[PDB]
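K.L.:
My sequence and its experimental structure, below.
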Amino acid sequence: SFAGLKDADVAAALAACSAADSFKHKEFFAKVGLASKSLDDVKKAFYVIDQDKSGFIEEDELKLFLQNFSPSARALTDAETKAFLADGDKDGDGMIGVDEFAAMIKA
Ligand SMILES: [Mn+2]
Ligand SMILES: [Mn+2]
Ligand SMILES: [Mn+2]
């Protein structure tokens, strides 16, 4: 709700990635609805995911990604995490800042 996402798209998207090692971020952002929202909402989701308010999505926070969507969601695998961080962290600091995050969703 935090990023104006609908219950039904979140339900459907978790359905597909229910299973270990099956998460694909790009497919998820599309299905959950995030790829078609405004930049502003893309930013509020960003700041939701950054649980510690550091201004960056640290790797440990990227691992509990799904949990922001649903409390009973699984943590991502290290393989899933690495893959996500590979795509998102273009400045090579090992963290995802707001601008990288936003940019990665623009696909
Ligand atoms: Mn953080
Ligand atoms: Mn932390
Ligand atoms: Mn970075």
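P.N.:
Sure, I can see it. Residues are numbered from 1 along each chain as shown. Ligands and ions are numbered 1, 2, ... in the order given.
K.L.:
C-alpha only now, for contacts and for neighbours.
P.N.:
Will do.
K.L.:
Around ligand 3, pick out the residues from the chain.
P.N.:
Residues of the chain lying close to ligand 3 by C-alpha under 5 Å from the ion are 89, 91, 93, 95, 96.
K.L.:
try 8 Å this time
P.N.:
Residues of the chain lying near ligand 3 by C-alpha under 8 Å from the ion: 56, 88, 89, 90, 91, 92, 93, 94, 95, 96, 97, 100.
K.L.:
Weed out the non-buried ones from these.
P.N.:
Neighbour counting over those (16 or more other C-alpha atoms under 10 Å) leaves 56, 88, 89, 94, 95, 96, 97, 100 as the buried ones.
K.L.:
So which of the residues of the chain next to ligand 3 are in helices?
P.N.:
88, 100 (DSSP state H).
K.L.:
related to what we said a few turns ago, any idea which of the buried ones among the residues of the chain next to ligand 3 is closest to residue 8?
P.N.:
When these are compared for distance to residue 8 (C-alpha to C-alpha), residue 88 comes out closest, at 26.0 Å.
K.L.:
List of residues touching stretch 33-48?
P.N.:
2-6, 9, 29-30, 53, 55, 57, 68, 98, 101-102, 105-107 (C-alpha atoms under 8 Å, 6 or more residues apart in numbering).
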